[PDB]
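Protein chains in written order, with the deposited numbering: chain A, 4 to 101; chain B, 4 to 101.
Next up, the structure:
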């Protein structure tokens, strides 16, 4: 009675990563935020990694994204075993699309 | 090309909180997680507070929920600017719920 568990859809902003170096991502997110500063400043985002080939230093990637003001709520599209196992270690949840 | 930002829909676990004491909520959550551990461990959750009432210690509730391993990524169905205000302090986003 105290809780109920449900499954519901939420639209979230997704950052689809295509290059891997944190600094390049930081610069690119900066430019993107400037396209709608009032909405994208401090926006909660999900990091999608489906299109990544090179390995990603996650702690460093998490800091580079966070430094732009964006707030990382988790990671999606992670279709690797180890890699998945990695992300979940720093308290970051894995999210899946509907 | 290094980045894309677009909205996507995500099917999420929503814990609907009802009238109660952080210890009780922590109790109820552990019992749910135990029934489906393979799926529920470190799951991302949204906390729906629409059924809560005037007095509620948000810091105590968030700590209790997080203690179960669940990863609170946002709050939904909020009903006052007070509680709301207390939520964005810790940087938790507010979500709208399908």
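The beta carbon of each residue, even a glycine, is placed where N, CA and C say it ideally should be.
- In the DSSP annotation of this structure, the continuous segment of the alpha helix (DSSP H) that includes residue 43 of chain B starts and ends at 40-43.
- Three or more Cβ pairs closer than 8 Å define a contact, and the segment 15-26 of chain A meets that threshold against the segment 46-61 of chain A.
- The beta carbon of residue 48 of chain A sits closer than 8 Å to those of 15, 16, 17, 18, 68, 73, 74, 75 and 76, all from its chain and outside the five residues before and after it, given in chain order.
- For residue 19 of chain A, the enclosing beta strand (DSSP E) covers residues 6-20.
- With respect to residue 12 of chain A, residue 100 of chain B sits close: the two C-beta atoms are nearer than 9 Å.
- Setting aside the 5 residues that flank it on each side, residue 97 of chain B is surrounded in the same chain by 77, 78, 79, 81, 87, 90 and 91, each with a C-beta closer than 8 Å to its C-beta; the list follows chain order.
- Taking 9 Å as the threshold, the shortest C-beta distance from residue 27 of chain B to chain A falls below it.
- A check of alpha carbon separations from residue 6 of chain A across B/84, B/95, B/46 and B/51 identifies B/51 as the nearest.
- Contact between residue 70 of chain A and residue 29 of chain A holds, with the beta-carbon distance rounding to 6 Å and staying under 8 Å.
- Each residue's CA atom was taken as its position, placing residue 66 of chain B and residue 95 of chain A some 16 Å apart.
- Closer than 9 Å to the CB of residue 19 of chain B there is at least one CB belonging to chain A.
- Taking the Cα positions, residue 39 of chain B is about 42 Å away from residue 34 of chain A.
- Chain-order list of chain B residues neighbouring residue 10 of chain A: 14, 15, 16 and 17, by C-beta distance under 9 Å.
- Relative to residue 9 of chain B, the option among A/36, A/9, A/8 and A/10 whose CA is nearest is A/36.
- Within a 10 Å sphere around the beta-carbon of residue 93 of chain B sit fewer than 16 other beta-carbons, which makes this residue exposed.
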